C-alpha cells in the first residue's frame, strides 16, 4: 500500500564536462537496484534540480523510468515555488511514466498554511498521481504544520511526507493526526534514522544511499526484524559526519564520482569541495568500506 518502505535514494545527477552523462546515470541506477534500493527519487535537491534545465530533467527522468522498468517506484521531484509550473512539470512526469511525484513546500516566496494547502491540492487534483510532500525548513524557512499535514493526508492522492525537520516533537504531532496505514512518514535526514525508525517511520529518502544503498537498507531491515541498530549505525554515522563538511550535494558527489558515476562536478552556484576535503571524505568512505 505505501509506495515503498525502507530506503529510497535521492539520486545525484552525474555530470561530465557539465553535461548529463546518461551512461553513468544508468550504471548508477543499476548499482542502486542491485544493492536493494527500495525506490529512486529523481530530480530532488540531491540531483541539483534547481540548476537542471527542463530538457535535462525530462531526459534523466525518462531514462530512470525506462531502465527501472517497474522494479521499484520512480518518484519524480516536480514541485517548485510556482504552482502552475509545478502542475505542468507533474503532468509531464506522469506522462513519462513516473509512479509518483515529490513536491517541496514553496521557498523564497513562501506562503501561509492556507496557501500551502491550496498549492499542494491544486497539484494533486491536476496530476492524479501519488504525491509525496517534502518538508525541509532548513532550506525553505517554512514548514507544513502538523494540522496542515492532517488536512493534506486526507487527499486521496497525497500519500506521504518526506520529513526533513529533524524534530521528533513534530514527528509525534504528525503521527497522531494521520493513519500510517495509508500515509507514510519518510525521514529526509540520514542521521536521524535510528530514532526515526524506532518511532515508527516507514523508511528514508536518503543522500548517503547513493553510495552505500546495501548497508543503509540492511540497517532498516534489521530494525524492522526486531534488532537493535543503535550501535550498528555508528560506522555509518561516522561517514555521515564527514559528509556534513558542506551543503548537500556538494559532499556526496565527491563519493558518487569516486565510484565512477560522472566527474566530480557541481553546477554553479554550488562548487565542489577543495582537494583536501575531497580526499578526506573519500578516505573516510574507504575506511567505512574496509
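Positions refer to the first chain, counted from 1.
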query: Average Cα temperature factor in the PDB entry - higher stretch of 176-184, 143-151; finding: 176-184
query: 214-222 set against 166-174, stretch whose average Cα temperature factor tops the other in the entry; finding: 166-174
query: Ranked C-alpha temperature factor of residue 88 among modelled chain residues, by third; finding: highest
query: Assigned third (lowest, middle, highest) for the C-alpha B factor of residue 82; finding: highest
query: Residue 242 - Cα temperature factor, lowest/middle/highest third of chain; finding: highest
query: Where the record places residue 130 (Cα B-factor, split into thirds across the chain); finding: middle
query: Third of the chain's Cα B-factor distribution that residue 94 belongs to, per the entry; finding: middle
